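Order of the sequence lines fixes the chain letters, A, B, ..., with proteins taken first and strands second; residue numbering starts at 1 for each chain.
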Amino acid sequence: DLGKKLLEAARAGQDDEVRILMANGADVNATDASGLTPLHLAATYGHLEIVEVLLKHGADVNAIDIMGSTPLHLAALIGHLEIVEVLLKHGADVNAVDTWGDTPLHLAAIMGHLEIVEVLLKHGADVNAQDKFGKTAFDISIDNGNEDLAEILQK
Amino acid sequence: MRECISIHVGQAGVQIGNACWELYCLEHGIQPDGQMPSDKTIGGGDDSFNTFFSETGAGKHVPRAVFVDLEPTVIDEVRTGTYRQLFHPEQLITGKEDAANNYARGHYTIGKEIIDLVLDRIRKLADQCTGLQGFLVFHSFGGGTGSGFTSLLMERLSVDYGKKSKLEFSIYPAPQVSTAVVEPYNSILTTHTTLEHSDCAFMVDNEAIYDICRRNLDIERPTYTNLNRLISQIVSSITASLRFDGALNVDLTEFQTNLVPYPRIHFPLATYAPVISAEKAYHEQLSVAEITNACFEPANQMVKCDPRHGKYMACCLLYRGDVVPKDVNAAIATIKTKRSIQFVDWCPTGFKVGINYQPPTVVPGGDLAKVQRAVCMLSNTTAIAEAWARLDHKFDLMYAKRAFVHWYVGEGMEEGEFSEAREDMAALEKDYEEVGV
Amino acid sequence: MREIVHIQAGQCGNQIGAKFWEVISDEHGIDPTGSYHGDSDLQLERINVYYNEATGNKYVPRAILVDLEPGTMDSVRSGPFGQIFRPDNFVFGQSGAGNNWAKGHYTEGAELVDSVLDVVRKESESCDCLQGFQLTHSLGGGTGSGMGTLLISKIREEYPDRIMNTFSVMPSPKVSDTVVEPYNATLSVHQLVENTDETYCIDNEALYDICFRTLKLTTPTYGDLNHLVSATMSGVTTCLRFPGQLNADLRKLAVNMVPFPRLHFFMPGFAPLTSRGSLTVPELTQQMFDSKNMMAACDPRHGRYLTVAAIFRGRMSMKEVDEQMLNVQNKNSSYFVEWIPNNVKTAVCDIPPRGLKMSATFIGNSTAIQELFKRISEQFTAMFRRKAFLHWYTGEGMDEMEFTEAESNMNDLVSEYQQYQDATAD
Ligand SMILES: Nc1nc2c(ncn2[C@@H]2O[C@H](COP(=O)(O)OP(=O)(O)OP(=O)(O)O)[C@@H](O)[C@H]2O)c(=O)[nH]1
Ligand SMILES: Nc1nc2c(ncn2[C@@H]2O[C@H](COP(=O)(O)OP(=O)(O)O)[C@@H](O)[C@H]2O)c(=O)[nH]1
Ligand SMILES: COc1ccc(/N=N/c2cc(OC)c(OC)c(OC)c2)cc1O
Ligand SMILES: [Ca+2]
Ligand SMILES: [Mg+2]
């Protein structure tokens, strides 16, 4: 199965191996046991080159895994600023909600990725989005006393 | 002549004992090297000061004292101090690690690897005596050694010296000069385990001595030096009957006979007067009636309590200096009726008086001024139950949440002993209530 | 109770440890060669607590240096005091850890824990009466965090009655935006609750907020952060290095500051807040109880103080300190637990730190420290829910059950702080 090799290629960042597999008809939208696409891993491990090439070959930018994680959820959590803007440029849902009720704005605010928080807000991130505990992105900045994060959410 | 052996346990016991023996030598005319020029008999004697001082062949007067501490910092100052020649070098016993303000370390673990050595050195001092009558034990309540090791030592002395008396000078913890937050714990634990092995205990409230230094002596920030100097003055007034001639409390058994009506309530209240700052050498000389009146004021007491709350079971007046027995009876007769002095229904309602016509001795460097007459009142009143109530309250505030308890359980002690000690303190307070307080 | 063995692990451990040996050696009057160039005494009465005598008017720090990365081996030597350390104490491995807590605790670190334990042996035998151990490190990395906690557990097995004291540096995205630090920190706090007697929680989050917002440092460097660290470590160890009475026992400190065995995480404070190259008694007592002077990113006004220890340094009236300390406990009486009577200790030292006539060092055991653990537990949960980078750890022997057990223990630690925060005496 070339889809399994495509999952491993996007994880390690092998740009050459991804092109050879797609030229032989590898499933660009293949998934692993938990529903992770080659775009999830490339966005998780910060392989911007593979992310762009995958999006040029029929990759679903809003694909979710079993836990409802989109490629934008993982890129915002891990903190890949260049990948987040590319995903948003290709129609990623900035307000996608996973099974835990979190949005990309939640994960970037929790992990302290202030640059990503600013980028998500300028693309229509809902600041009133509550998670499975009623907490919003602004509630997270007040509960742990993040003054740098609170001022950004008061643009 | 019946010898008495003094035992100083822990830092508070050593530093107070060091100040008491310096004052003893000034009262008896003993030099720092042990020389007593006013001793016509060299090599021994049957005198009354020999109860506290043995005599070597060369006329050296060595105190019958033992200094014990689980760490050498405090006793090393005695080995280098002014009286480094006075004490027996082998009677200054030091350990390596202290009890860390933990009653369990002082009693169960750290204190158990030196208790056999301390007893053998105490045995050596007892073999020299011809008529040993008991021991004087100086220690603190809050310290780990002063509480843990003392409770262990008192248990051992009751088995090896079952027919001898045992008196205590206890240091009651005060928040102003406290060193540990668990001192209420240690005070309850040592009291319960020693209540059976102690015949009579004089408690010294550090907050009482602290306030006296601030008020009467104008000492803004009293230190351990200012406290122990005043404490040694009061300790000497209590043990003067054992070291000089007299007819009141001439031996340790008489302390128990005159002050302790029942075995458990053996905590007399001590009051001393007058306390005048050394900055006033030309002060007015207080009369016998004015110093006797001061003994009934709660501001001159050694334990913070209100004797007007309770009732008396025994009262002893120990005068020192120019005091005529006619003026005492007159002073008694007035301060017997003009005050609210209530004795219990089952007591003679009398005042025992003993006079020593030598004025008190002050040490060079002290804060007290010379006086022509002073008095130390020893009374057993149920009002001293206030001291146990204050201590049991702070004990209960912490033990309800089991705070700091894991420190004690981790050193060979069981949590069940905390309950047994507190239950015994509840019976002690009830013992004072069944008499009247 | 006298000698203290110091150990510094990882980059952060050797970085904040070197500054500790440079500041205290100046107070005692010790040059990089080891000679005593002080003009006043009292600098050598308690010198053996952190130093030894190496013959020739020489004083060598009782320090042991360990890091898997051999680059720190050259970084310490290139320092101004990087020659007073002994060449027999430097222990450095082959390759680093790469912020992997598993490489420090199970693989690379375990292949070096015996090399460190051998030099701790010859150092312990040089001590006449050892009282405990001291470890500086960070919790975000892999060596100082993974191997540090492992070395703590190994020294404890051979020295069960000796005190273990650590200066742990909490991770923060504002200084290091590495997403695997909440993993290594949580896995380390799980170890520090069991194998330590007292831990000084130094928070890089708080250290950044002090430099950036109070000291106006737009881009604070690690040298700026370590200036506050070296100032706190000197103050918390003041009663250990100078007379000033109050003995110098690490166990007496633990008995009076740790009311419950798991709650041995202290919040330190310092005042006044000075910079690298840049008051009265009512002022020192004021800033100490201020959240802007705490070295942990927590507001003490959000919790209750269990035990408090304050150290004042310099020439000042011991009477006035008693007035201000007893008064602060009244204006903020509702922020101290009432079931621990006399839970505040005051200490004054004659010798102040360099460049300051007066100072103050705050050591608090407040329930408000849960806000720090709530911060890392949230970052841990956000990463662990997505199983992100979890294979970095499962491929080194460690397995998934340890992450959940480490998460279950910290939330239990937070539950204990809130439990004693709402407890009343009645
Ligand atoms: N009056 C007076 N009290 C003292 C003195 N030294 C210590 N204390 C009191 O003793 C209590 C603590 O007991 P310590 O004697 O210091 O401790 P320890 O007996 O040496 O036992 P460790 O805990 O092992 O050190 C404190 O509350 C002090 O107030 C002193 O010199 N004079
Ligand atoms: N305060 C402070 N923190 C540091 C310093 N050096 C590194 N850190 C922190 O430590 C973390 C990295 O761990 P580190 O100790 O370098 O990894 P190690 O070499 O494996 O022990 C980062 O989050 C930094 O914020 C320092 O000098 N001072
Ligand atoms: C809540 O009450 C208390 C709290 C803390 C107390 N003592 N704390 C110390 C602090 C020290 O250094 C910081 C010591 O130096 C290492 C130290 O050596 C003995 C003791 C004492 C308390 O009664
Ligand atoms: Ca004679
Ligand atoms: Mg002691």
Side-chain angles (χ1 to χ4, degrees), chain A residues 8 11-12 32-36 40-41 43-46 64-81 98-117 131-133 135 137 139-151, chain C residues 99 140 170-183 185 203-206 208-214 218-220 291-292 294 296-303 368-392 395 400 414:
Chain A
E8 300 178 345
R11 178 184 301 270
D32 61 357
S34 63
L36 290 182
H40 284 101
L41 307 180
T44 296
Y45 290 81
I64 61 177
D65 62 354
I66 60 175
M67 312 308 296
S69 296
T70 68
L72 185 55
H73 281 104
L74 305 171
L77 176 74
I78 306 300
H80 301 300
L81 175 58
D98 54 65
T99 185
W100 298 283
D102 287 322
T103 68
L105 185 62
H106 279 106
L107 307 180
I110 287 178
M111 303 306 299
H113 304 304
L114 299 185
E115 255 66 44
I116 300 185
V117 170
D131 60 354
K132 286 295 182 298
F133 294 85
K135 303 294 180 58
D139 282 318
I140 300 174
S141 62
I142 300 297
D143 289 11
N144 52 34
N146 198 333
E147 282 176 296
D148 295 321
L149 183 60
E151 299 177 12
Chain C
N99 301 276
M170 315 307 300
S172 176
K174 304 196 172 187
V175 184
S176 174
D177 195 1
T178 302
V179 294
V180 301
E181 294 183 352
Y183 285 157
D203 191 359
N204 275 336
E205 179 90 10
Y208 175 79
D209 297 1
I210 295 178
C211 299
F212 181 83
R213 199 165 302 267
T214 303
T218 62
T219 62
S291 60
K292 265 295 183 296
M294 301 296 180
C298 302
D299 199 325
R301 215 137 291 176
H302 289 174
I369 205 64
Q370 61 171 322
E371 295 181 343
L372 185 149
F373 294 111
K374 283 183 177 179
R375 187 180 85 252
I376 301 182
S377 181
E378 193 180 35
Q379 299 170 341
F380 180 92
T381 307
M383 290 283 298
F384 184 66
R385 278 174 176 173
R386 288 79 184 173
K387 304 287 167 290
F389 303 150
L390 219 66
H391 63 99
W392 290 3
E400 193 182 25
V414 175

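- Side-chain contact check for A/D148 versus C/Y208: some heavy-atom pair is nearer than 4.5 Å.
- Within the 4.5 angstrom heavy-atom criterion, atoms from both the backbone and the side chain of A/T44 approach chain C.
- At least one side-chain heavy atom of A/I140 sits less than 4.5 Å from a side-chain heavy atom of C/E378.
- Options C/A297, C/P173, C/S172, C/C298 differ in how many heavy-atom pairs under 4.5 Å they form with chain A, and the most are formed by C/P173.
- Contact of A/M111 with chain C is made through backbone and side chain together, with heavy-atom distances under 4.5 Å.
- Counting heavy atoms from C-beta on, the side chains of A/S34 and C/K387 never come closer than 4.5 Å.
- A distance of 6.5 Å separates CZ of C/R385 from CG of A/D102, quoted to the nearest 0.5 Å.
- A salt bridge links A/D98 and C/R386; the closest N-O separation between the charged side-chain nitrogens and carboxylate oxygens is under 4.0 Å.
- When heavy atoms are compared at a cutoff of 4.5 Å, C/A382 approaches chain A by way of both its backbone and its side chain.
- Taking 4.0 Å as the cut-off between side-chain N and carboxylate O, C/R213 and A/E151 count as a salt-bridged pair.
- Using a 4.5 Å cut-off between heavy atoms, C/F380 does not touch chain A at all.
- Taken to the nearest 0.5 Å, the CD1 atom of A/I116 stands 8.0 Å off from the CG atom of C/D177.
- Proximity to chain C among residues 71-81 of chain A is limited to A/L74, A/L77, A/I78, judged by heavy-atom separations below 4.5 angstrom.
- Contact check on A/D143 versus C/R375 returns no salt bridge, with no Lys/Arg side-chain nitrogen under 4.0 Å from an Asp/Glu carboxylate oxygen.
- Looking at C/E371, neither its backbone nor its side chain comes within 4.5 Å of chain A, counting heavy atoms on both sides.
- By the 30° and 60° cut-offs, the orientation of the rings of A/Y45 relative to C/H391 is tilted.
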